[PDB]
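Observations on the model geometry
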Amino acid sequence: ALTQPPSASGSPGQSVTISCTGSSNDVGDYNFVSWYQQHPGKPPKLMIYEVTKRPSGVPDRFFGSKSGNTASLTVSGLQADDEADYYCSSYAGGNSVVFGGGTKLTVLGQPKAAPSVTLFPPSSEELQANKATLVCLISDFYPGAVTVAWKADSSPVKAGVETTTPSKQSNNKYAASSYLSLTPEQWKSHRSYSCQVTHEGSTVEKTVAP
Amino acid sequence: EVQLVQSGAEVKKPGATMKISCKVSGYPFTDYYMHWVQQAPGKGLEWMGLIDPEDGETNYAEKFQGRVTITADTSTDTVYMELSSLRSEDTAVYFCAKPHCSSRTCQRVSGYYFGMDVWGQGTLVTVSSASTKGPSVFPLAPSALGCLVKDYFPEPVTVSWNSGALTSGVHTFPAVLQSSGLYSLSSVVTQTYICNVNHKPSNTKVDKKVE
């Protein structure tokens, strides 16, 4: 009900501004706009209340404002741990609390890193069960977005493909998985299969064969 | 000093009903309302509604109207939220949140205006038509080593290597959710390598040595 940009980004020590666009019934006619910071797997943490006030313990770097129907949050002197999801919320006429969609803020400390790809063939055990699974393991990439494309010989295959989301690793890089389900007959009929991982324009490939 | 303790994770069939708890400490229980917020996986915060524990009056968001019930028990300082007629779209984390008091006297603190300053850890809820099933474990070997943990439900699975003696160079990947309702993950290592795959929900433990 409150509109935020899906993502924003800023370099350490620089600044970023997060917009929150609503209605006159909420952000427009009331000074009851909140901001929440949410780190992964953690409950939100109130950062701003009443458009510009800050709860005890919130540094002055988080600066709230609004203009008409659009409220904004600016964060200054960006540090790594400002990286999080930021949500706005407001009172809305008729006794309701309304939220924004949230904005994933990234802070640009880590260098861009290409994924390491490992492609595994199906096990002889699994073939005995008349099933075959190709496992493509993708690690150590930053930023955390890849697309995955599979190929039988030179021909692309999208049937039977299942790909996870990116997940942050312990070293702050990202990981992901893709599985290609095949019949034993399909596995044996082709010269080879390949898993192609595209990351920020550059593709890394691995291949396996019966 | 204010702690909000939510009940444990839930796994639920469609059409079922859940009832989760939020135990409260650190402040006078009946002086603050209590809010419930839903958060679908990788999606936004969505308000469910509130209860005033002083009079037991509630207010539910229109999106959950008819399916949700919030109740409070002043004897145990606990707020409950019940969600009826569940479907997989209700797979989400569910938070309770205590209104933030910006006023000079913190009485009948509704939370409509000044946000919520203390939240419970969240209660994860999975709604799936699938049922409990233990994994099959297959070697992963080239032509880098590991095990494929195939077709289990529900989360989680623990994977160690050589009874935990092997910690260096081990990478266990988050599972993929197949369209079949089952999960499959891989764990890899980059003189003998043995999987220790634990799936407590199905009471399955598999030890798998890989060449």
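Residues numbered from 1 in each chain as written, not as in the entry; some residues may be left out. Chains lettered and ligands numbered in written order. Heavy atoms only, no water. Residues with missing side-chain atoms left out of burial classes, pairs and counts.

For this coordinate set, the PDB header names X-ray crystallography as the determination method and states a resolution of 2.20 Å.

Now for the state of the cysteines. Each disulfide is one covalent bond, formed between the sulfur atoms of two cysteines. As enumerated under the stated definition, the model contains five disulfides over all chains in all. Here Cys136 of chain A connects covalently by a disulfide to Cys195 of chain A, the sulfurs 2.0 Å from one another. When the S-S torsion is -80°, as for the bridge of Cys136 of chain A with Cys195 of chain A, the disulfide is left-handed. Residue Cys136 of chain A is found in strand β11 (residues 132-141), and its partner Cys195 of chain A is found in strand β17 (residues 193-199); the two are separated by 59 residues along the sequence. Taking relative accessible area as the criterion, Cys136 of chain A reaches 0% and is therefore assigned buried. On the accessibility criterion, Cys195 of chain A (0% relative accessible area) is buried. There is a disulfide in this structure between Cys147 of chain B and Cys195 of chain B, and the S-S distance comes to 2.0 Å. In this structure, the disulfide formed by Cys147 of chain B and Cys195 of chain B twists by about 135° around the S-S bond and is classed as right-handed. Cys195 of chain B shares its class with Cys147 of chain B; the two are buried. Here the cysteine-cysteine linkages of chain B are recorded as 1-2, 3-4, 5-6, numbering only bonded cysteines and doing so in sequence order. (Disulfide = S-S within 2.5 Å. Helix = DSSP H or I, 4+ residues; strand = E, 2+ residues; numbered from the N terminus. Buried < 20%, exposed > 50% of the residue type's maximum accessible area, 1.4 Å probe, protein only.)

Here we come to the environment of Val11 of chain B. Residues and elements named next belong to chain B. Residue placement: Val11 occurs in strand β2 (residues 10-12). Linking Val11 and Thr126, residues 115 residues apart in sequence, is a C-alpha distance of 4.8 Å. Discounting chain neighbours no more than four positions away, the residues touching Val11 are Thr126, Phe153 and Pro154. (Contact = heavy atoms within 4.5 Å.)

This brings us to the interface of chain A and chain B. Taken together, the contact pairs 41 residues of chain A with 44 residues of chain B. Carbon and sulfur atoms make up 65% of the area that chain A and chain B hide from each other, which totals about 3400 Å². Joining chain A to chain B, the criterion identifies two salt bridges. With a shortest N-O distance of 2.3 Å, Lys208 of chain B and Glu125 of chain A are connected by a salt bridge. (Buried area = accessible area lost by both parts, 1.4 Å probe. Salt bridge = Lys/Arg side-chain N within 4 Å of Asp/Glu carboxyl O.)

Attention shifts here to the pairing of strand β13 (residues 145-152) of chain B. All names here are of chain B. Along β13, eight of the eight residues are buried, which leaves the element largely enclosed by surrounding structure. Relative to β13, strand β12 (residues 136-140) is paired through five bridges, and the arrangement is antiparallel. Considered in β13, the bridge of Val137 is made with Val149. Pairing of β13 with strand β17 (residues 183-189), which is carried by six bridges, proceeds in the antiparallel orientation. Considered in β17, the bridge of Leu145 is made with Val189. (Pairing = 2+ DSSP bridges.)

Ranked by size, the top nonpolar core spans 47 residues in total, and within it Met34, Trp36, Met81, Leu83 and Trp119 of chain B carry the most contacts. Apart from residues lying up to four places away in sequence, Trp119 of chain B is in contact with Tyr36, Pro43, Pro44 and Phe99 of chain A together with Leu4, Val37, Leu45, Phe95, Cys96 and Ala97 of chain B. (Core = buried A, V, L, I, M, F, W, Y, C linked by side-chain atoms within 4.5 Å.)

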